[PDB]
Amino acid sequence: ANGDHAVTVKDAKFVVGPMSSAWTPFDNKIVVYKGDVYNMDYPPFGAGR
Amino acid sequence: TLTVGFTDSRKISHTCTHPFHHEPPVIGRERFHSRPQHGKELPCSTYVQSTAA
Amino acid sequence: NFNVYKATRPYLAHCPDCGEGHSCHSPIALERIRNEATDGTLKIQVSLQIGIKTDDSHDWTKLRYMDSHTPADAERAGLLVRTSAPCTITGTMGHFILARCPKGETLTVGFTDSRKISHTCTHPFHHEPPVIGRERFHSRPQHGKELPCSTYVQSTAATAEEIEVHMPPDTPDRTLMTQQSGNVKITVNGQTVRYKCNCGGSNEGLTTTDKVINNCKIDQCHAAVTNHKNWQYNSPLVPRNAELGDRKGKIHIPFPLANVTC
Amino acid sequence: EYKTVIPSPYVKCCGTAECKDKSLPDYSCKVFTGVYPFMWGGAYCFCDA
Amino acid sequence: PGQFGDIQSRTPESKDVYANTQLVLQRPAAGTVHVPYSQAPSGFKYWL
Amino acid sequence: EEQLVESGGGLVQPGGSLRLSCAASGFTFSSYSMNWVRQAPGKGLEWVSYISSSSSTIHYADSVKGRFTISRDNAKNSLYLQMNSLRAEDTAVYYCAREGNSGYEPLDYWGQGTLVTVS
Amino acid sequence: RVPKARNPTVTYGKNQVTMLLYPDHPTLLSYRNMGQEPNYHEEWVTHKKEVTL
Amino acid sequence: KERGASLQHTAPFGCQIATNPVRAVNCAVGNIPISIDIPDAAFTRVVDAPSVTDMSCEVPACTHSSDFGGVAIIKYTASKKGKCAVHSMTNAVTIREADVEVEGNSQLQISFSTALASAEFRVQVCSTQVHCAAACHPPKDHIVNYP
Amino acid sequence: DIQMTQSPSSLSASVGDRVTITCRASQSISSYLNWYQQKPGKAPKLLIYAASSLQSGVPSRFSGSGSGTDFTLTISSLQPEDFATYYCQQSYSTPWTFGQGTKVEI
């Protein structure tokens, strides 16, 4: 979904994109565990409790 | 609680008792007591019956 | 009377939890559990038959169970029921057992085989007796009042509820086949055996003697035992023999309801 | 109270089953495809499909 | 389907029975033989 | 070489009994099934009895039921046929034979029987 | 292996849905709105209950 | 024991989450431009296509529900056998059928949906236009399972 | 159970002639049929064990084939050693049965 790629099928050329919106459901810090994704502000390395 | 014991060679028993708190976790969105016939499969972990090094 | 059982045989059934957390095929299995009486008694149905020997005689100390292609005897003393705490068994006949036992979330039954091997099968259940009166109590008082309630009667007499029996289907058994030097041998061991092969020649037949099929491999053929002389209850856990089944007979359900006081 | 009655199932492998309507209360009938049953002694029918 | 009056009859000795329960058959599990179904629980016990 | 040796014939009075033995050499006895057959002057071929290799399956002809019993010993390499309640009409030569370990139910070997007379 | 719950009874009205639940054991119920504001809600159900949304 | 609900149940706009690799799918935001390059060989000259000279329209039924609840009948006379495309000239009415076949003197039937309580629109068939109008009734079903 | 008959009851032919013997059955045998040959005064007997098959040690002059309840055996050359009694046997069911026998004389 950008303007730097094209495909041809049956001598027809297609170009798709770019998208009009930059909204993304993910934050900068995520935690992943066996299929689940959480948004969590984890502590820095070396500064636990 | 948890208790173990055995029988001696002279027909005498021995026991020892320690405190413990045992409560298995829940897998999925429902709480159940036994294994059904009709259902779904989810990942989990177990111990393997192997004596290898 | 036990005369109605003369032509019947036990059967095997699937069990969802065979004691280790895995299923297996067991000589003992559970059918529906009934809890209609207001006094908190249960009626349980199983696949084995209590009180009858393999020679169709009456002996209240023996039970008979199904082994591989043949019935066998076992001792009654090994029968147990529990739902958390042990249950108390109050009476038995044929496929049915009565027992009383405390609250719990599971029900387990089992017995001991003739070779010193145990078998169990577990199903989920929810047991909670009703409340009678305006007070909740745990045991039987000495000084008190009487109120109506219902119970089960310890009677083996004929009643109006009946169940049906049918002819068993054929049973596959892969151990009848062996491969030697590029050929497959079929051993009948005195039974009537039907076979099918996908090897050259399209071999089909029904035999009462040993046969050898040349130039054929194992797992290209199928065999089953087809000739039966006894009748079996049409449990939902076994396949129908034919699209339209034929009826051979029926047996009655013991232990009716009656009115009592509490 | 009510009671539910269920007879033994009929399985026809490498052939097509069908059924007809009946006047009994709450009668229901359905056919499923793609079955491969097992019993204690091995697979029941020769056909795999 | 789940209240008082789900099963009705005129007298204890009648043969004519009316019922409005739900009953749906489900696909069997792989490798086994059984008849699963879904049915609404009896309303009479709930009243008691 | 393969051999079948029959012995035990003779004359027995009516009401008596006689045991026949068939001895084998040259092959593995426990791997093959065996049959007994009968022939007499003026008569054709007739099958008498069959025993499977493990002594699990036994069949008798309808005319010989009860009076005849068959057994084998796979450790002694011997085959037996015993006749009881002998009757005067039972005068014939009895033979043992091997059944082949291949398809289409062949019979590869025959013995040389002995005369049994009841009189 | 885990079990599945039985089907509810559902009726309709103007801008609303009514559901009657038949639990056998503790079961979790949750719902959300589609679009920008999910308005997430969560509850546990332990016995026969009727809800409207 | 206390981690709570994950993004799969709380995210807005109906997004769904996968983890191997981490992905988000079917998020209903924005729009997407497209450009297509069609070769000259796909086009047919107007002098070769069939012509239609006389048309009329009638509308026997309309219900302005979420589904295709409208039907129309159009009569035509065609000069010769061939194929023809159809297109609507309004935004409030959408037509399911993309192409029709015309021959001789006959009639064709199309289906449409609209939210208007009173409908008026024009339909184009091989470079000519017809005017249609009708009155529509409300539906009776409160809730449906589709947009 | 399965009855068998063979024809002719006897053949009369000179050295150098061909021999044809047929066997019939009252029931389907599905090719489970064999042939036997022996001379008077001897117990052993043996010919081909199956239709269109040659038994080990049997001269090539002996051949035959099988079909639904209709079996045939022929000899391409008749020599003084070839004059004997012939039988058919079926091994499809239980009990096993034999034919009545055919003899060939000079």
# chains A, B, ... in the order shown; residues from 1 in each chain; ligands from 1
call {"tool": "select_by_dssp", "arguments": {"residues": "range 9-150 of chain C", "states": "strand (DSSP E)", "output": "MDAnalysis selection string"}}
result
chainID C and resid 13:15 24:26 42:52 58:67 70:75 80:83 85:86 88:100 104:112 118:127 148:150
call {"tool": "interface_residues", "arguments": {"of": "chain H", "to": "chain B", "cutoff": "12 Å", "atoms": "only C-alpha atoms", "output": "ChimeraX atom specification"}}
result
/H:1-2,4-5
call {"tool": "write_last_selection", "arguments": {"atoms": "N, CA, C and O atoms", "output": "mmCIF file, in the first residue's frame"}}
result
data_model
loop_
_atom_site.group_PDB
_atom_site.id
_atom_site.type_symbol
_atom_site.label_atom_id
_atom_site.label_comp_id
_atom_site.auth_asym_id
_atom_site.auth_seq_id
_atom_site.Cartn_x
_atom_site.Cartn_y
_atom_site.Cartn_z
ATOM 1 N N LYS H 1 -1.768 -13.404 37.682
ATOM 2 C CA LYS H 1 -3.100 -13.513 38.267
ATOM 3 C C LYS H 1 -3.928 -12.234 38.200
ATOM 4 O O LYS H 1 -5.114 -12.273 38.548
ATOM 5 N N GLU H 2 -3.358 -11.104 37.771
ATOM 6 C CA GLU H 2 -4.084 -9.837 37.794
ATOM 7 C C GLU H 2 -3.924 -9.017 36.517
ATOM 8 O O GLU H 2 -4.249 -7.824 36.523
ATOM 9 N N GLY H 4 -5.397 -8.813 33.583
ATOM 10 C CA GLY H 4 -6.556 -8.230 32.932
ATOM 11 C C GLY H 4 -6.677 -8.519 31.444
ATOM 12 O O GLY H 4 -5.976 -9.353 30.862
ATOM 13 N N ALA H 5 -7.606 -7.792 30.824
ATOM 14 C CA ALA H 5 -7.934 -7.984 29.416
ATOM 15 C C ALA H 5 -6.853 -7.428 28.496
ATOM 16 O O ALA H 5 -6.249 -6.388 28.772
#
call {"tool": "residues_around", "arguments": {"residues": "range 25-29 of chain G", "least_positions_apart": "6", "cutoff": "8 Å", "atoms": "only C-alpha atoms", "output": "list in words"}}
result
residues 29, 30, 31 and 32 of chain B; 42, 43, 44, 45, 46 and 47 of chain G
call {"tool": "residues_around", "arguments": {"residues": "residue 34 in chain G", "least_positions_apart": "3", "cutoff": "10 Å", "atoms": "only C-alpha atoms", "output": "PyMOL selection string"}}
result
(chain G and resi 31+37-39) or (chain H and resi 11-15+28)
call {"tool": "residues_around", "arguments": {"residues": "residue 10 in chain F", "least_positions_apart": "2", "cutoff": "10 Å", "atoms": "only C-alpha atoms", "output": "PyMOL selection string"}}
result
chain F and resi 7-8+12+18+114-118
call {"tool": "residues_around", "arguments": {"residues": "range 83-85 of chain H", "least_positions_apart": "5", "cutoff": "8 Å", "atoms": "only C-alpha atoms", "output": "PyMOL selection string"}}
result
chain H and resi 50+98-102+125-126
call {"tool": "residues_around", "arguments": {"residues": "residue 35 in chain B", "least_positions_apart": "3", "cutoff": "10 Å", "atoms": "only C-alpha atoms", "output": "VMD selection string"}}
result
(chain B and resid 32 38 to 39) or (chain C and resid 16 to 17 21 to 23 122 to 124) or (chain G and resid 1 to 3)
call {"tool": "interface_residues", "arguments": {"of": "chain E", "to": "chain B", "cutoff": "12 Å", "atoms": "only C-alpha atoms", "output": "PyMOL selection string"}}
result
chain E and resi 26-38
call {"tool": "interface_residues", "arguments": {"of": "chain B", "to": "chain A", "cutoff": "12 Å", "atoms": "only C-alpha atoms", "output": "ChimeraX atom specification"}}
result
/B:42-44
call {"tool": "atom_distance", "arguments": {"atom1": "CA of residue 87 in chain C", "atom2": "CA of residue 47 in chain C"}}
result
19.5 Å
call {"tool": "closest_atom_pairs", "arguments": {"of": "chain G", "to": "chain E", "cutoff": "8 Å", "atoms": "only C-alpha atoms", "output": "Markdown table"}}
result
| residue | atom | partner | partner_atom | distance |
| --- | --- | --- | --- | --- |
| G:6 | CA | E:38 | CA | 6.4 |
| G:7 | CA | E:38 | CA | 7.4 |
| G:22 | CA | E:41 | CA | 7.8 |
call {"tool": "closest_atom_pairs", "arguments": {"of": "chain D", "to": "chain E", "cutoff": "7 Å", "atoms": "only C-alpha atoms", "output": "CSV"}}
result
residue,atom,partner,partner_atom,distance
D:1,CA,E:44,CA,6.8
D:36,CA,E:31,CA,6.0
D:37,CA,E:31,CA,4.7
D:38,CA,E:31,CA,5.5
call {"tool": "write_last_selection", "arguments": {"atoms": "C-alpha atoms", "output": "CSV table (one decimal), in the first residue's frame"}}
result
chain,number,residue,atom,x,y,z
D,1,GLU,CA,-40.6,-33.1,33.5
D,36,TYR,CA,-13.7,-41.3,10.0
D,37,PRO,CA,-14.7,-43.3,13.1
D,38,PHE,CA,-12.4,-45.5,15.2
